[PDB]
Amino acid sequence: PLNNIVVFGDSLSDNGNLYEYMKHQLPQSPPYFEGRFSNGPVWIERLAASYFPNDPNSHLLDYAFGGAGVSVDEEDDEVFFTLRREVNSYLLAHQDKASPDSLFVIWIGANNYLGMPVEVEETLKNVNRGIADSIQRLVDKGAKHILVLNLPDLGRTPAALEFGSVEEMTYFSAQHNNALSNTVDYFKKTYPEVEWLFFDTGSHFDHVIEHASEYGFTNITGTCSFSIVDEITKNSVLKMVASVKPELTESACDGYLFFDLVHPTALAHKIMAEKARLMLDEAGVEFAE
């Protein structure tokens, strides 16, 4: 049985790391929830708690930073931290060994595309390459269980709607997901001794959207919080978060899909966690201790 969860990711998975480094000044909390890029715990925390209800945090090593992504030189000031450095950080503290009883979780890419870079094909290429490289490294250092998550349709974000980039954000999402599936297929065949797990966020998010009211959402285009960004400032997820005006947050957001211009609300993180748990249960994954 697996003994803990190690997650590499970005603002969709960060459980407070950027907030601590920012001296609790970003994401401003309230209206964000204790440094998460949402108004509640994020999906991977809830997933950890579903297996370890008493002390989940002692079984969760969350290396995700808000603003993190795959190194793409064009986005140096737009990527806060790289996937490679998150993996290296884990390896540095574990004497360069990936534990065989950890579930490694990789959910990366959204921050790269939502920064709306100018070179579309090179960004797609380097994000895929960076993910493949980090997977290979984890395998090389001994990982035996790896969960890879693909992207929701970023063309559904309020950001894409406001800035007029729906087609481009959907293109990034779809092309990214196609490449990532080819990647996971490869590793499945090259390393059958590793337990390969995949979550098709793209398909699950589209199914939620199509049944939004049944999942509890009454508003899928607006934002709970309110931000004000221009072209220069709107170049990054973190600048969009720093531009939130807390006094203009809605008080009653229980029906919103989006908390800010790109980040989903607590309920969405809950649904994500529930569907991920069911997928892992279907695969027979067990945790203990």
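Just count from 1 along the sequence shown to find any residue number.
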item	value
Between 78 to 86 and 187 to 195 (mean CA B-factor, as deposited), the higher	187 to 195
Average Cα temperature factor in the PDB entry - higher stretch of 218 to 226, 29 to 37	218 to 226
Most elevated Cα B-factor in the entry, residues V42, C253, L61, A48	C253
Relative C-alpha B-factor of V166, binned into the chain's lowest, middle or highest third	middle
Record-listed C-alpha B factor of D101: chain third	highest
Third of the chain's Cα B-factor distribution that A159 belongs to, per the entry	highest
Lowest, middle or highest third - CA B-factor, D73	highest
Lowest, middle or highest third - CA B-factor, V118	highest
